[PDB]
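**Student:** No sequence on hand, only this structure:
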Ligand SMILES: Nc1ncnc2c1ncn2[C@@H]1O[C@H](COP(=O)(O)OP(=O)(O)OP(=O)(O)O)[C@@H](O)[C@H]1O
Ligand SMILES: Nc1ncnc2c1ncn2[C@@H]1O[C@H](COP(=O)(O)OP(=O)(O)OP(=O)(O)O)[C@@H](O)[C@H]1O
Ligand SMILES: Nc1ncnc2c1ncn2[C@@H]1O[C@H](COP(=O)(O)OP(=O)(O)O)[C@@H](O)[C@H]1O
Ligand SMILES: [Mg+2]
Ligand SMILES: [Mg+2]
Ligand SMILES: [Mg+2]
């Protein structure tokens, strides 16, 4: 067996393998998640849309369970392992406690799984960051973000990927109680956040939504194009 | 090499003789040419021919330390030859890679970088002759560095006959030599 | 016997070079055409009238031997002809020095009064009398062939307007090489010296050399361009010697901007002509460490470095104090790609069926060099077909040439 | 504007006057290295050209019959010839020794004046003649380091009386080592500014030369010229260029450079006493230095320039933010806490970048937010290129 | 690199242990004070964005009803140490039907530190030290007790210990304010005073955590209303 310390402390006290894994996240597609009142929203930039690419197979928004889904940013191959590992534990938790997994628990397990790979012999850290969204058993919307180090935090709205810093700056200024008053307004906030880094427009936006007591719903391109027209229309009257 | 002659003409002859064609077209004048093919295919033959026909001074940069006294007493950097190149503009600077890292390809980068936008005098073209194009550095293969890459495939049956006709003219030939058969008897041969 | 004791402190020449000499007229303030400037200028004029009258009176009763044209005519007689060119080896005294002729023979000669004693340093070229070898002048060394090569005589035609999408990159480079020279007051009022060094790093073709070309276009300082591969020399020590000499020329032509393009090529490329292996390159690197930030005080010399492989550089080379700013040059996005295409097709004569939007997605990893090469080759296709209008087919065949094959 | 006409009239008259003044005064030209005519003692120069005859530089080789009253001197006149000559009547017999340079005439080649030993012009320029503008007050967080450096390289020269009385032989060498930007050369520049003895700056890359035996030769002439002075200081910046440890890699790997280090080691502590030279070595890679060079008697003191602590980083922040137009309530203690392991060079960049965020915003005063953004840009954003993580292993 | 994890410096220092100690200086500042009336634990959340929920940043962890832990450095690494502490506790209760002493709990977690190796180690063995300093605080037979743990596995009882980024500054202030015979309210107030002076942000009831373990009472997480009561003074 390969038993070698891949992740070791730098003399300054940094785990460089963790930091390098976080750099791979910054090279991934921008994923934006906004937690509303009665709906949770995940928006993922589709990078480059080749007309010969089956959009069904390449999907950065995946459902761990009937009430929890996450969008990632980083190495696509690494994320799928985390998603499958979380999906297996989603069913293990359900068979044991006879209750669907809370958004904290699946975020905690994924983060703990990430940290284990930063302190185990022969394993490099996972180079992906996850935007976990869902609803608890009491109906409270919850949005969580994990990073390759293994730390997890709850966010009202957050962005991961190449344009995370600009979008999070945008989300800091526009995320208000009024902006999440209705489901449509919550959807428009993600598109406004995504359009700050997405250049062409709604063609490179993949938006998926989850409502309380409902499964994850992927928005069709026409629905997204319908929303983009509304922001474009609303831009004129504000000028 | 009729195709190769036309390709090198639009890149080395047209910018020198007619700079207005490129200005009207709105494109930068070519400055770097790469002739690649098997040895003995005529890369140096064509590069010398263009310099002879466009009245461009032909400078061969082999990196030899024997000719270093003529380039300059400094000899610290290869761009010191540009002083002699500017004095004889239009000039064609030719390096042939015989084939550590290649010094001819290294000299390409130093000359091409100067010719990019840091050279005031125009009509200073540069040529490299190489055996293979997949061994080149990624810096040379980067678009915008070499303005045109010209291939010199080994002569086919008809091209070998043309080469055979050219060189046999320098001999006392009996009438009726079937040079076509002799060309057929040399498959996969160079010039 | 006792050794002679020099009265001059040190053995080096005066640091000041190329001054106004006796014409160092004072900076009369303000420049506005008012009375006190007229009053100030009159005082300068008055003392000149006093100076003119006094000097004329002395020379009027000066002996015929002692005249301004006679003494200069005499000076040639003491110098004689020819004037042998030697090398200053050591300054024994104020009027005594050891010089060596071109034949390698040293002579202990006397330095005459009319020689500029402040220009005398060991290793300098001196003019010696043919007979007595006495120092009778200092030959202003002509510009070295190495000096001419670094110096960019004519500013490149590429301006900041010809750069598309690098708004932040352009802004950062200005505060370190342009703003300190054009507007030094901003730094002085803030109490900070300008950012010392700058390095431009990113994928190939992203515009690193182009921004330096834009910098060289709009600069009043001397621009010296050196490729990193030029610092690899054929003999031991000449690598460090060339780096030492490159920054000496920068100090002479102060203020100056030194552009060490392709800095990573000093280590990422190994050549058999370089006698010492990686060890000689390391010594060259250490010499460059001293020049960027070392013991010697640095004048108004700004250093710009460019590299597509910044991970291969010695971290001590690009440390703060040596290279303060590390400007990244990312691959162009959709907005920048359209700007680059419009930049390189502005002088073109495009056809109505040519759309730049389709050419934007020619490749996912499209750089500015690829865009310019696509356009340049596309025009070459039109030149082959004897046309001035570039069609979509010309651009279509352009992509399959530069991007593929 | 009413004086624009009168300005140009007096400006043109002035410009005509300097051109007129320079006509009689002279001083036009200088390309042949001509001094201004106010310094022309042509009467003395004509006498100098006749009374003072030129002298050829020669080296004495052997003194024959020095005991007797007819001592013959064999001289080597560079590339000219070799002659057996006698001393002039104006020079004492005891003033010329074997192996020393002398001045000889062109007629009988009799030795006329003893001369200083030949020294490479490159080595001569290696001595510092303009002191740097850095004082010990410009170095923060290096208190204990600075006292140790001064008490070896500054105190014995300044106050030698307190060492001879107690029979004390002070250390004659200090090695400054630490990660880049920690202040090794900055402290050396402070030493040169304060020192009154001769200071020679040597860069290890300057001792690497094309031919075989040059680096050792330049070291020999370096200490030979240093010994011609009562007290001297030699600074070896980046000693690791030539100070690497000796090794045998089959081929001649670094054999020539090792000889340069061996010669330097011989001068520091060999058969002959070094003299009154106190050497100062600075390197960021002390692990590569030869064990014999890292030995007391050659490098007696090993002053380590480690990364500054919280108190030290606060001190460096005050030094570099002394002339800044900062706000009233800049929390420099907080800023020092935001960069745990950061060199003094990074702190200087943080101060410079902090004023850059304010200059960008067209603000004449830098707020605390600018320093906060400066730390993020320098300490955090530029941490990818940081030399600290790799160089703490070497030190 | 060439160096292994279990390598000794020429000065006798374990390289990876010292490097993990430097990681604490990058973490948030945590203050723990031992008082005869109880042990107070304070820590700064270090909010980096308004959108992040401060409630999610749990830097004070209930080890048991009678012992709590404050963490600084790498928060992700402390989860393994905390889980073992919460497992070692309730294992002493399972076998001895009593609450484990705070010293024993810290000792058990300390043994986890330094159990890292490259070769000749179990597949589940760790590769690097835990770059987190813990501040265990609770009540036992010996009354209230505060213990400080470091990535070196060295645990020691401390009357008032401050760990984190401002450990040097807060410890000096702690010595100027700590006396053996004071009340817990003063200990809570003094910790908030020291924290407020060292935080980058402005101290309020949402960017800090305060925990007290009093005799008789259990481990208690200070709420926003309780935090506002003591912050309103200073
Ligand atoms: N952002 C840009 N805007 C406009 N033109 C650009 C841009 N980037 C590149 N170019 C064009 O590309 C040409 C070649 O690229 P350039 O020489 O600047 O590359 P570089 O980024 O320095 O890379 P390298 O030296 O690694 O190949 C330039 O002459 C310029 O016209
Ligand atoms: N202790 C310090 N106090 C104040 N300023 C400092 C200190 N240390 C470094 N600096 C600043 O950082 C700069 C770094 O240059 P310096 O010559 O000190 O580096 P160094 O230690 O010799 O590095 P290198 O190993 O790369 O040669 C100095 O010019 C100075 O402005
Ligand atoms: N296509 C050709 N036609 C006529 N002669 C040729 C041709 N190719 C090569 N030669 C002959 O070969 C000789 C050397 O070829 P050269 O051009 O040096 O080869 P390379 O192209 O490898 O440099 C020339 O003297 C030339 O006469
Ligand atoms: Mg050939
Ligand atoms: Mg370039
Ligand atoms: Mg230094």
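**Tutor:** Now that the structure is in, tell me what you want to look at. Numbers count the residues shown, from 1 in each chain, chains lettered A, B, ... in the order given. Ligands and ions are numbered 1, 2, ... in the order given.
**Student:** Can you tell me the closest non-neighbouring residue to the residue in chain A that chain B sits nearest to?
**Tutor:** Per C-beta to the nearest C-beta, residue A:48 is where chain A lies closest to chain B, at 19.9 Å. C-beta here means a position set from N, CA and C on the backbone, and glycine is covered the same way. With C-beta to C-beta, 6 or more residues apart in numbering or on different chains as the criterion, residue A:48 has its nearest non-adjacent residue at 5.2 Å, and that residue is residue C:364.
**Student:** Please, which helix or strand holds that neighbour?
**Tutor:** Assigned by DSSP states H and E, residue C:364 belongs to neither a helix nor a strand.
**Student:** Same check on residue D:262?
**Tutor:** Here residue D:262, judged by DSSP H and E, is contained in helix D:255-268.
**Student:** still on that earlier bit, so how far is ligand 3 from the residue nearest to residue A:48?
**Tutor:** For residue C:364, the distance to ligand 3 equals 37 Å [C-beta to the nearest ligand atom, to the nearest Å].
**Student:** so which residue of chain E comes closest to ligand 2?
**Tutor:** Closest contact between chain E and ligand 2, by C-beta to the nearest ligand atom, is at residue E:168 (18.2 Å).
**Student:** Check the burial of the residue lying closest to that residue once chain neighbours are set aside by counting its neighbours.
**Tutor:** Nearest non-adjacent residue to residue E:168, counting by C-beta to C-beta, 6+ apart: residue D:310, 4.9 Å away. Look at residue D:310: counted by other C-beta atoms under 10 Å in any protein chain shown, it has 19 neighbours.
**Student:** One more: residue C:298?
**Tutor:** Counted by other C-beta under 10 Å, the residues lying close to residue C:298 total 16.
**Student:** Please apply the same query to residue D:230.
**Tutor:** For residue D:230, the count of nearby residues is 10 (other C-beta under 10 Å).
**Student:** got a list of what it touches?
**Tutor:** Residues near residue D:230 by C-beta atoms under 8 Å, 6 or more residues apart in numbering or on different chains: D:197, D:276.
**Student:** And what about it, helix, strand or coil?
**Tutor:** Look at residue D:230: counting by DSSP: H, G, I helix; E, B strand; the rest coil, its state is coil.
**Student:** mind checking how far it is from residue D:160?
**Tutor:** Taking C-beta to C-beta, to the nearest Å as the measure, residue D:230 and residue D:160 are separated by 10 Å.
**Student:** Secondary structure element for residue C:216, which one?
**Tutor:** helix C:208-217.
**Student:** Roughly how far does the residue in the stretch 101-250 of chain C that ligand 2 sits nearest to sit from residue C:323?
**Tutor:** In the stretch 101-250 of chain C, the residue that lies nearest ligand 2 is residue C:196 (8.9 Å; C-beta to the nearest ligand atom). With distances taken as C-beta to C-beta, residue C:196 is found 7 Å from residue C:323.
**Student:** and for the two, which residues touch both?
**Tutor:** The overlap between the contact sets of residue C:196 and residue C:323 (C-beta under 8 Å, 6+ apart) consists of C:292, C:303.
**Student:** Return the residues in contact with residue E:117.
**Tutor:** Counting by C-beta under 8 Å, 6+ apart, residue E:117 makes contact with E:5, E:6, E:125, E:126, E:127.
**Student:** In TSV: the residues you listed, plus neighbour count, distance to chain B and secondary structure.
**Tutor:** Formatted as TSV, the contacts of residue E:117 follow (neighbours: other C-beta atoms under 10 Å in any protein chain shown; distance: C-beta to the nearest C-beta, whole Å; DSSP: H, G, I helix; E, B strand; the rest coil):
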residue	neighbour count	distance to chain B	secondary structure
E:5	23	38	coil
E:6	17	41	coil
E:125	15	43	coil
E:126	22	42	strand
E:127	22	37	coil
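**Student:** Just give me how far the longest strand anywhere in chain E sits from the chain centre.
**Tutor:** Looking across chain E with DSSP state E, the single longest strand is strand E:132-140. Taking C-alpha atoms, centre = their mean, to the nearest Å, one finds strand E:132-140 lying 5 Å from the centre of the chain it belongs to.
**Student:** With stretch A:78-94 instead?
**Tutor:** Computed by C-alpha atoms, centre = their mean, the chain-centroid distance of stretch A:78-94 equals 15 Å.
**Student:** follow-up on the earlier one: can you classify the residue of chain E closest to ligand 2 by secondary structure?
**Tutor:** helix.
**Student:** Could you look up the SS state of the residue of chain E found nearest chain C?
**Tutor:** Using C-beta to the nearest C-beta, the closest approach of chain E to chain C is made by residue E:1 at 14.7 Å. Going by three-state DSSP, the secondary structure assigned to residue E:1 is coil.
**Student:** For residue E:234, see how far away it is.
**Tutor:** Per C-beta to C-beta, residue E:1 is found 49 Å from residue E:234.
**Student:** Comparing those two, which residue is more hemmed in?
**Tutor:** Taking other C-beta under 10 Å, residue E:1 and residue E:234 do not tie; residue E:234 has more neighbours (10 against 6).
**Student:** For stretch B:112-119, give me every contacting residue.
**Tutor:** Outside stretch B:112-119, the residues that touch it by C-beta under 8 Å, 6+ apart are B:31-32, B:79, B:82, B:124, B:126, B:140, B:145-146, C:152, C:156-158, C:209-210, C:213, C:216, C:225, C:227, C:261-262.
**Student:** Can you tell me, leaving aside adjacent residues, what's nearest to residue C:226?
**Tutor:** Nearest non-adjacent residue to residue C:226, counting by C-beta to C-beta, 6+ apart: residue C:260, 5.4 Å away.
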